[PDB]
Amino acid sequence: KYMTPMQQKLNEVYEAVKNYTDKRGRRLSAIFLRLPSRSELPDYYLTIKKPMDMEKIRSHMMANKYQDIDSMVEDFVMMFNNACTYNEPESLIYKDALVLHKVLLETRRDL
């Protein structure tokens, strides 16, 4: 029922990305939390090879499967690239992926 020190440090890097807010308090995390089902957006699953969202990321961290931080980063990094593939470069999701990308990386250097 407990959480390894590595788990507690993956939760921290996870939570900072989720809770990041822009200059007038919007949470960029919102659109990325969870994808609509295959039945509700087949185009996404037919155009993006390996679909990723944050609660799916959450289910492996809280459950067990990340050996270090950069292991979790690559599913985050992967998720963003998916968003930036499916959405056009000037789209909002696209830039929020970009901004959150740096947050993830700004957080990890802080160890």
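In case it trips you up, residue 1 is the first one in the sequence shown, and so on. If you superpose the two forms and keep the largest set of C-alpha atoms that fall within 1.5 Å, you have the rigid core.
Looking at 2 to 10 and 101 to 109, the one farther from the shown form in 8 other deposited structures of this protein by average CA distance, after a rigid core fit, turns out to be 2 to 10. Just going by the entry, 47 to 55 versus 62 to 70 on mean CA temperature factor gives the higher value to 62 to 70. Sort the modelled residues of the chain by CA B factor and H101 lands in the lowest third. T85 sits in the middle third of its chain by CA B factor, as recorded in the PDB entry. Compared with the other modelled residues of the chain, the Cα B-factor recorded for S39 ranks in the highest third.
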